[PDB]
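Trainee: Structure in structure tokens, see below.
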Ligand SMILES: C[S@@+](CC[C@H](N)C(=O)[O-])C[C@H]1O[C@@H](n2cnc3c(N)ncnc32)[C@H](O)[C@@H]1O
Ligand SMILES: C[S@@+](CC[C@H](N)C(=O)[O-])C[C@H]1O[C@@H](n2cnc3c(N)ncnc32)[C@H](O)[C@@H]1O
Ligand SMILES: C[S@@+](CC[C@H](N)C(=O)[O-])C[C@H]1O[C@@H](n2cnc3c(N)ncnc32)[C@H](O)[C@@H]1O
């Protein structure tokens, strides 16, 4: 037994149960255990039972046994023989610890898994040898399917910047081996004696949100804020669904090359604005409660209430008849309340609304709640953006896309009587353009003058021009798109020449 | 004789004179005759003499003889021998019928023709064998030159959707074999016992309009409404000239694939509007009389007076000095009369006008006479379109093409005193913008204020912007055109790869 | 001696000293001398000493000796032998004439030169044989480096349109062999007995301005009026620096193919306007004096004072903080004075200004001093152009390039209080829009109303639209540029096919 232990070749781990060889070969080992433990406990409590564990690359089966010691089933895998023998023997020493173990190569043992066979897999300082053998492209799929078959995988990756030969083969950033998955958070990081460049400790999943505290599953997930949002935020923002919750996860740091100052800073700013607003807000609304908020080294995480109903942008996208009025009424009521307080929401656009059987329209993305000044992103000085939004709301007119979306400002196309409402607001001087005014005008809009008549001169002229402008922008988009497509195809051909040479 | 008749191989036709073999082999034969007869009679009366006839593919010379029986010269052609022998004999039975006949292959007998040798050619159930032998591309030229050498050709084409082997070679639409010619109308159609898919009966010409009643020659013809109109109407609209008449011919149905609902419907709507207007119109104009109107299954035909003078668009296109004023005066006078009645013409554009030695401008295309509402196609609410038109009229400024033509709205560039006229109209509220007002202002425009002075602010600003806008549209057109050209060239290259593979 | 002279083969020149062979072989020779002399004298006086001379291709050393006779050092070069022998002997006849001479081929004798070894080189009827041997591409460099190593080169070129065989090899325009250099002026031209097509006489330099009278060196030189001016003037306009002077040189005639009527005429018009203005101008400014003005057959030359300080466009281009106000004050003061006189400057744009420690802004390019009417090139009726210019002045906003530069018209973005100044001007009717008004408003602008408040309606709307417009133009520029680049690359490929065939 003792003899078989030394027969062992390179004691990477601590042998579990006796401390006599802790002095000889090793790495720290015991700390990593502590964090994994924390994670296990939190996870298990959250679903409501003990868990199945996969110690992919276990060596001396240290981690397995230490987990099995707390009511866990482990099937530890280390392809080389001696490491397994001794750890299976270590398994027998403490009979109550349900751990199986076997010799075999991880790649194929992963292949042979089930959608929910295991709840947890461990990949501590193991894959860097695999990727050296196979390649980045290969390994990525293993891990991706590993997240799919389990429910949460924790890994410790060796970075390319290490002395050992294999280093050169692995990716400059170990984060490249995980990105393909849904959730990933930096739960830890450890320094190596090899070089002053430490190896990180990541946490993944393809079914659940795995925060410090909030460990709940999601239904669907993505990478963009809304339908037709694009690349606007450099693939950095992540959005997770949930039956009763919704999650935001912005990264402050990205693989390879980077979110420039402004982007990183702004999504940092955005979150910190949101959390500081949602906790301690004004009076007179039905705003969602903070379900979970928190920050990490490179990553900033937020979770809130999955408030009811669904988005307008997608409604208009289809055409589900929405009562034009009701949404506006509620929005204005709250909006007024806000204008009163001294706050403001700059992005008054149709991608920020909710609808139910009462159509009580409430906003989303409270990171746009700008306190001090009106401004928006485009139509300067709010009220105009609101006009656009109103045109965007009514709509039923072609499909205009000007980068700086979309519909005409001004009511004249708007049917009667809103037509009139807005012309009345319009007449007035800009200094009086506060939302308090609008709502009031909004309310007694039925008694307002004919609008469409008092126009003539200018005001007709510009209607004709506003329609011309969107068509122009609208086309520029398409020919610009043709141009961008060729820019993309031209890169390929430049590369191709080198391949052909 | 009788013996030679049966010696004959396959009695496709009825032998002419005796009814004894009408029972044996056949196709109906006698009906087709009746329609051809009608057509001959109408044609002959219209020019004022009997006619030369070409029975291309005659078989038993039935049709020839039946035509020769009414004072016609026929040179019937059937390449195979037996069919000719018997029909020449049938020719001799009735000596007074001037018909020659000979054995030879149609293709070469067509080649040997003269510009006005024949007045009529018959191609009843014959070419489908030719196109099987040669091909669609080939046959098209035969027919095209056949229309050129004669004066009217009637054909009966076998459609590709027929059981017989040759079917597969012919075009899915038999209308593809004729389109290259000037005039074509569906004069009939016949069902075949082969399959429940009938073979049509078309009527062509490259010199004359061949209506039911109106059978008059034209000088020149085309496919587009005006110089620089484009593909806007899917090659469906045809326009025929004439020394004293003008013709319109819109198709409700096209070869291969199709005028979508809107296009078919709109050109149907356009005609039906025109005929319903020109007959029973308002008071106070010099409008043209209906020379001929009528409808067919797939085709809608209209003919009216070739009213005098010539178009303005082409005048401006060159530069023939037109008295700026006179045209406007008359146009307004009638226009006013119309506004008064309750009617309206929406397309107040320079492609719709006439000019003589008195410049009494009158419109064209009475399918744009929209009764109820002002609107136009672009510059909304007429009066503005009129402004554009006035700028379009004066002009002498570069060459602006914005899709939504072209010139600035507003008079400020317009020289004095119209400058003033329009600023005065402009000042006024839009609700008062009726043509009745304009004419009156038009008349006393000499006594109007300085216009160009009272501007300042806005009104200058927008002048500068209006000039910018056309330049922008104007360029977008060209780079858009470059883009469309590459889209066209790219298709070719995609195809090319398949050819090269 | 006399015997050696006839031993000579072809007496192209006159033998210097005796007139006995002037009758036999020759070309005129003596006239060319007279012009070269003039040039030498003027040059020498201007630097303040006698000069070193290179008689590249000298034949009978006539010109050399004639120059050496006036205190010049000559190293005459004629590759063929006999011509040198006799001219070295002619050199010895008049011992006081410092001339060396040697046999060798010009190309290599040029190679062996120094930056300031010689002050003058002569290339009279010599290179056409070289270019026949080598080629246009080759010869151009010889001459280019010849201008660099000397300080002024005069040449007489044989044009391609000559009977002699070599003609076919030389360029259709002999001006093609010089253009690469900095300065070139047509100082003369001579008819040849060969054909009624004369050979010209050009004067070059790469260090100095070589006018009739003004023979001063420059520091730097170019081809475009300012940073980012482009090809706008067909490579015809040349601009020469100087420690105390500045030079303009516009060509009325260009190599190959040509400055069309308008371009030639306009740069002729531009100069003649300038000289007629700068001499006999209005009162109330600090305008520069004419240092030298004059005209030539194909070339129009002007030189004026290098007035102090530097350009604004390049200041803004970098960002050297300029006192927003001071420049405006002075400009307006003079501008007012001008408006008063009855004159005007149409191109009120930031590429036409100067700055010092007092920022007393004064204009440049007095060829834009249009007397009678306001107009500019774009923003019609001056005052608006001034608005643009003011926006262009303040700036600090992105980088807008609309062809018709650039910034918004109108003050509303302009900070306070100019904001107000311009709204006040704006309010007023256009007929009152003279600069006299503006300055006065400019002065008491501190006491003006709030501007930014009284807006509302329209005036806000158009602010939003003005920003949209520049972005649109701004993009059109880039995609237009992509398009133009492909137009350029496509030409190459069309050519390539012919090369590949
Ligand atoms: C360095 S250890 C770390 C073990 C454990 N994850 C830890 O951190 O305590 C990695 C172990 O996995 C094994 N291993 C490496 N590549 C493997 C593969 N493709 N399949 C199975 N085991 C592998 C090695 O034998 C080695 O003992
Ligand atoms: C089916 S028939 C119809 C005859 C006649 N057009 C009618 O409908 O009563 C066609 C006849 O034209 C002849 N034919 C076919 N191809 C021909 C060609 N290329 N040249 C001359 N005759 C041809 C055939 O022999 C056949 O008898
Ligand atoms: C026609 S002459 C003119 C001489 C002198 N430039 C003049 O105009 O009085 C040109 C002379 O230069 C010589 N020459 C031609 N090509 C030359 C070369 N590549 N190098 C040196 N000398 C050359 C010829 O021998 C000839 O005598």
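Cβ placement follows ideal geometry from the backbone for every residue including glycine, while neighbour counts extend to all protein chains displayed. Basis: the model, the stated rules and, where named, an outside source; no laboratory read-out is quoted.
Trainee: Considering only region A:45-72, how many residues are more than 16 Å from ligand 1 (Cβ to nearest atom) and touching a helix residue (DSSP H, G or I) at 6+ places or on another chain (Cβ under 9 Å)?
Mentor: 4
Trainee: Scan region B:427-447 for residues that are away from chain A (no Cβ under 14 Å) and farther than 17 Å from residue B:337 by Cα and report the count.
Mentor: Step one: of region B:427-447, the residues away from chain A (no Cβ under 14 Å) are B:435-436, B:439-447.
Narrowing further to those that are farther than 17 Å from residue B:337 by Cα: B:444-447.
Final tally of qualifying residues: 4.
Trainee: Of all the residues that make up region C:112-124, how many are within 29 Å of the chain's Cα centre (by Cα) and surrounded by fewer than 19 Cβ atoms within 10 Å (Cβ to Cβ)? Full working, then the answer.
Mentor: Kept after step one, since they are within 29 Å of the chain's Cα centre (by Cα), are these residues of region C:112-124: C:113-124.
Retained after the next criterion (residues that are surrounded by fewer than 19 Cβ atoms within 10 Å (Cβ to Cβ)): C:113-117.
Adding up the residues that qualify gives 5.
Trainee: Right, residue B:185: closer than 30 Å to residue B:400 by Cα, assigned to a strand (DSSP E or B) and out of contact with any helix residue (DSSP H, G or I) (no Cβ under 9 Å at 6 or more places or on another chain) or not?
Mentor: no
Trainee: Being surrounded by fewer than 19 Cβ atoms within 10 Å (Cβ to Cβ) and touching a helix residue (DSSP H, G or I) at 6+ places or on another chain (Cβ under 6 Å) is the filter here, so list the residues in region B:141-170 that pass it.
Mentor: Within region B:141-170, B:160, B:166, B:169 meet the criteria.
Trainee: Tally time: how many residues in region A:73-84 are more than 24 Å from residue A:40 (Cα to Cα) and in contact with a helix residue (DSSP H, G or I) (Cβ under 6 Å, 6 or more places away or on another chain)?
Mentor: Of the residues in region A:73-84, the ones more than 24 Å from residue A:40 (Cα to Cα) are A:79-83.
Retained after the next criterion (residues that are in contact with a helix residue (DSSP H, G or I) (Cβ under 6 Å, 6 or more places away or on another chain)): none.
Residues that pass the stated criteria total 0.
Trainee: Please state which of the following conditions residue A:267 fails to meet, knowing it meets all the rest: (1) touching a strand residue (DSSP E or B) at 6+ places or on another chain (Cβ under 6 Å); (2) in a helix (DSSP H, G or I); (3) under 22 Å from residue A:362 (Cα atoms).
Mentor: Condition (3) is where residue A:267 drops out.
Trainee: Follow-up. Within region B:1-94, considering only helices (runs of 4 or more DSSP H) that don't extend past its boundaries, which have at least 2 residues that are away from chain C (no Cβ under 14 Å) and more than 14 Å from ligand 2 (Cβ to nearest atom)?
Mentor: Values: elements: B:2-7, B:30-47, B:62-68, B:81-93.
Those helices (runs of 4 or more DSSP H) span B:2-7, B:30-47, B:81-93.
Trainee: In region C:373-390, how many residues are at the interface with another protein chain (Cβ under 10 Å from one of its Cβ atoms) and on the phi < 0 side of the Ramachandran plot? So that I can check it myself, show each step before the final result.
Mentor: Step one: list which residues in region C:373-390 are at the interface with another protein chain (Cβ under 10 Å from one of its Cβ atoms), which gives C:378-381, C:383-385, C:387-388.
Of the ones still in play, those that are also on the phi < 0 side of the Ramachandran plot are C:378-380, C:383-385, C:387-388.
Of the residues in that region, 8 qualify.
Trainee: Something else now. I'm trying to understand the selection: among the residues of region A:448-485, which are on the phi > 0 side of the Ramachandran plot and within 7 Å of chain B (Cβ to nearest Cβ)? Give the derivation first.
Mentor: To start, the set of residues in region A:448-485 that are on the phi > 0 side of the Ramachandran plot comprises A:451, A:456-458.
Across region A:448-485, the qualifying residues are A:456, A:457, A:458.
Trainee: Go through region B:103-130 and report how many residues are touching a residue at least 12 places away in the same chain (Cβ under 8 Å) and near ligand 2 (Cβ under 10 Å from one of its atoms).
Mentor: Selection size over region B:103-130: 16.
Trainee: Among the residues of region B:349-372, are any within 14 Å of chain A (Cβ to nearest Cβ) and not in a loop (DSSP other than H, G, I, E, B)?
Mentor: No: zero hits.
Trainee: Could you say whether any residue in region B:134-144 is in the same structural domain as residue B:29 (by CATH), in a strand (DSSP E or B) and either within 16 Å of ligand 3 (Cβ to nearest atom) or under 31 Å from the mean Cα position of the chain (by Cα) (or both)?
Mentor: Quick first cut of region B:134-144, residues in the same structural domain as residue B:29 (by CATH) only: B:134-144.
After this cut, where a residue has to be in a strand (DSSP E or B) as well, the list is none.
No, there is no match, as no residue in region B:134-144 is in the same structural domain as residue B:29 (by CATH), in a strand (DSSP E or B) and either within 16 Å of ligand 3 (Cβ to nearest atom) or under 31 Å from the mean Cα position of the chain (by Cα) (or both).
Trainee: Does residue C:386 fit the bill of being in contact (Cβ under 8 Å) with a residue 40 or more places away in the chain and in a helix (DSSP H, G or I)? Spell out the reasoning first.
Mentor: On the way: in contact (Cβ under 8 Å) with a residue 40 or more places away in the chain: yes; in a helix (DSSP H, G or I): yes.
So residue C:386 passes the test.
Trainee: Here's something else I'd like to know. Output the number of the condition that residue C:339 fails; it satisfies all remaining conditions of (1) over 30 Å from the mean Cα position of the chain (by Cα); (2) farther than 24 Å from residue C:441 by Cβ; (3) crowded, with 17+ Cβ neighbours inside 10 Å.
Mentor: Condition not satisfied by residue C:339: (2).
Trainee: Condition first: more than 16 Å from ligand 3 (Cβ to nearest atom), over 32 Å from the mean Cα position of the chain (by Cα) and surrounded by 18 or more Cβ atoms within 10 Å (Cβ to Cβ). Can you find one or more residues in region A:35-47 that meet it? I'd like the intermediate steps shown before the answer.
Mentor: Going through region A:35-47, the residues more than 16 Å from ligand 3 (Cβ to nearest atom) turn out to be A:35-47.
Still in the list and also over 32 Å from the mean Cα position of the chain (by Cα): none.
No, there is no match, as no residue in region A:35-47 is more than 16 Å from ligand 3 (Cβ to nearest atom), over 32 Å from the mean Cα position of the chain (by Cα) and surrounded by 18 or more Cβ atoms within 10 Å (Cβ to Cβ).
Trainee: Now a separate question. What are the residues in region C:69-96 that are within 15 Å of residue C:15 (Cα to Cα) and more than 11 Å from ligand 3 (Cβ to nearest atom), if any?
Mentor: C:69, C:85, C:86, C:88, C:89, C:90, C:91, C:92, C:93, C:94, listed by residue number.
Trainee: Suppose we filter region A:291-312 for residues that are under 29 Å from residue A:436 (Cα atoms) and either part of a loop (DSSP other than H, G, I, E, B) or touching a helix residue (DSSP H, G or I) at 6+ places or on another chain (Cβ under 9 Å) (or both); how many remain?
Mentor: 5
Trainee: Condition check: within 14 Å of another protein chain (Cβ to nearest Cβ) and touching a residue at least 40 places away in the same chain (Cβ under 8 Å). Does residue A:296 satisfy that?
Mentor: Working: within 14 Å of another protein chain (Cβ to nearest Cβ): no; touching a residue at least 40 places away in the same chain (Cβ under 8 Å): yes.
Spelling it out, it is not the case that residue A:296 is within 14 Å of another protein chain (Cβ to nearest Cβ) and touching a residue at least 40 places away in the same chain (Cβ under 8 Å).
Trainee: Also, I was wondering about something else. Which condition breaks for residue A:121 when tested against (1) away from ligand 1 (no atom under 16 Å from the Cβ); (2) under 23 Å from residue A:59 (Cα atoms); (3) assigned to a strand (DSSP E or B)?
Mentor: Result: residue A:121 fails condition (1) only.
Trainee: Anything in region C:405-426 that is within 14 Å of residue C:466 (Cα to Cα) and within 14 Å of chain B (Cβ to nearest Cβ)? List them, or say none. Quick ask: steps written out before the conclusion?
Mentor: Keep residues of region C:405-426 that are within 14 Å of residue C:466 (Cα to Cα), which gives C:405-414.
Selection gives C:405, C:406, C:407, C:408, C:409, C:410, C:411, C:412.
Trainee: From B:75, B:109, which residue is in contact with a strand residue (DSSP E or B) (Cβ under 7 Å, 6 or more places away or on another chain) and within 19 Å of residue B:128 (Cα to Cα)? First the steps, then the outcome.
Mentor: Numbers: B:75 fails: within 19 Å of residue B:128 (Cα to Cα).
Result of the check over B:75, B:109: B:109.
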